[PDB]
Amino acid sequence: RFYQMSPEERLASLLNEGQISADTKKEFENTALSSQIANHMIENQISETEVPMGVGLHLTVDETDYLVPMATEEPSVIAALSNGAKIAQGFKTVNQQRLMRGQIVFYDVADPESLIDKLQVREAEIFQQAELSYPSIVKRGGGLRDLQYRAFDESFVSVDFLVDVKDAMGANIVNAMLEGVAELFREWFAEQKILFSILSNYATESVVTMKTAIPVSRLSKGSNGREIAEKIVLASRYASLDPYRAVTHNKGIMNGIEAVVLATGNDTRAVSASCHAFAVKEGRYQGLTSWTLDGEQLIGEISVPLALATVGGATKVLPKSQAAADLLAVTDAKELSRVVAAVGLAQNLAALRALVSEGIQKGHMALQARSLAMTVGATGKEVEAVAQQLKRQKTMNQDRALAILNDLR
């Protein structure tokens, strides 16, 4: 059976059955992550996806400078982060919490108030069972912190667990705790029915809020920085009115956030789900940032749930995660979340400035022009000279870039 075959046997079988070509088999064999690691981490393993990784520059958070590992396939994301970080100069923490959530959900509950009374008088025993079900997190100074109770639909009761999982994302800790407590619940309440017991990825107790305050002159190379700031404010407010913009606005933010999450070995689906769900405010999907003009400064703020990890999951077992974490110089998960939120705000700034100025299309083209200048051998003032001239005609390629460079030499 395929599940029980070695990776080599799996690839040989796919080729034999005509499901992949010999060239595809050879490419699937071209890997850099150890086969033993890859085949351990997932099931039915055959190969890997390689996502380019680069370095985001100029980010400063609470007066500490960072070099940001960013894994993405999308052109201009990393250059845009670097551009936004450089404009903003620095980011400051406004607020931060870090707890992870789980739930045990009962169903067919005749009297939710009565069930809640029986749970609430037993909270000390629940906390003791939570520790017994995962003792190591308590030893390390974390563990269950709070129990909350919600009733739904005259049938359901959610017992909400708020847990300090220290530097892990917390799925294994929380799920082990919940399974152990659910076993005790089944002993105590043999006639109540538990539907499921599972983590929640909606990590509303891991929200971090970061801000920046930018002199408006930094928003343009000319004298119209205030008029750019006013337009950034309008574009950000427009995301609160039109979900077709809000989705794209937040997608841009996530181009930066997801790139760091992926590079550091964190779970990209969990961050995406928590951030996009948090975008729903007052019943409408809206932007995750706010931009306002205060005096002669453009003020930006982001607020996102970032239950990120510096240990566990794929943060250590994948060697590239460890390499990215060395570059980023962060071992504390609270700090990781502050940095990642700042990346999202810097990314959004670069996007909004471009959108309301030359446009993102022209912004991409300017990056392409500079790349072409560098590829054909321009150095120093030559790079900006070739790139600026490339921008004056619509067709750009290496032949034209070299002709410009050689004409200038």
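Numbering starts at 1 and follows the sequence shown.
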Per the entry, higher mean C-alpha B factor between 51-59 and 360-368
360-368
Entry-level comparison of average CA B-factors, 103-111 and 315-323, reporting the higher stretch
103-111
If I read the C-alpha B-factors straight from the PDB entry, which of 301, 267, 191, 146 is highest?
191
Looking at 334, 245, 211, 118, which has the highest CA B-factor as recorded?
118
Divide the modelled residues of the chain into thirds by Cα B-factor and specify which third, lowest, middle or highest, holds residue 240.
highest
In terms of the chain's CA B-factor thirds, is residue 136 lowest, middle or highest?
highest
Can you work out whether the C-alpha temperature factor of residue 185 puts it in the lowest, middle or highest third of the chain?
highest
The third of the chain into which the C-alpha temperature factor of residue 373 falls is the highest
Residue 260: CA temperature factor from the record, placed by chain third, in the lowest
